[PDB]
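Only one chain is included here, represented as structure tokens and corresponding to the form deposited in one PDB entry.
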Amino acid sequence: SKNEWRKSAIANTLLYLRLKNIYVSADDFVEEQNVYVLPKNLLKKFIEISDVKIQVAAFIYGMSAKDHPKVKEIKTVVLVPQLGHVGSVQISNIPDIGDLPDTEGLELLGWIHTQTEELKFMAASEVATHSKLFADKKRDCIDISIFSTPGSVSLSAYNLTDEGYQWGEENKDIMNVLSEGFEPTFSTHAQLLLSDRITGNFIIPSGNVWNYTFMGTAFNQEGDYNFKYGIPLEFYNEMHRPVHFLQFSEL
């Protein structure tokens, strides 16, 4: 029963300023492993549409460069219907985008999301949803976790061990009261490189709306959504809150 979105919508305005400070965790370089290249424009645009407190997520699709099979260039970010929360997010199914142009040979590389908490590993909720999404579908999908906090954004990319996938399957819900035998060893540093010499684009639900906090029960996690290329709306866009306009419209 709170009116605190006001404060939050105003805050999101300034999110672009955080892009002055972009940190990417790079440990020891390895030539035997895959490296993931995220276009800087996609980071920029993805932050700008994000929220200051609520978590926001998207799938990432790309393909191996012509030269190196182990260099996975990210080509597209796919915003799907989701329901954001603090420190967690309910994400709808891996989208069907086969009918779309320029998707010839696209590989599902994993997902990307914001976070209000800096870490060296995948949190519980990260493992919970990561498993739910990719457990039965694709195990090598990575998790690009973006920690955005007043002043900067910090990017870390993780793989998930089969143990992690088991744990996530067991802990299916998001209210993890058990938190039983969680392990920072589930996740694993993944090489994430940021590049501004390659440009990427978004794919979005046909009805535009991807954020369903105010849409409420209209969010169906098992929904078959249709998609298209397009410019994603920001978190507190007009179409994301007919309620606020209705509440005002009357009386």
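Numbers follow the displayed sequence, beginning with 1. By rigid core we mean the largest C-alpha set that fits within 1.5 Å across both forms.
A second form of this protein, the form deposited in another entry, is not displayed here; the remarks below concern that form.
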Core-superposed comparison between the shown form and the other one - Cα displaced by 2 angstroms or more, from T103, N176, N93, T161: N176
Compare the position of the CA of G230 between the shown form and the other one after a rigid core fit and state whether the shift reaches 2 Å. no
C-alpha of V243 moved at least 2 Å between the shown form and the other one on rigid core: yes
Closer or farther: how do the Cα atoms of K44 and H244 compare in the other form relative to this form, given a change of at least 3 Å? farther
Taking the shown form as reference, the Cα pair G87 and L178 shifts by 3 Å or more in the other form and sits closer
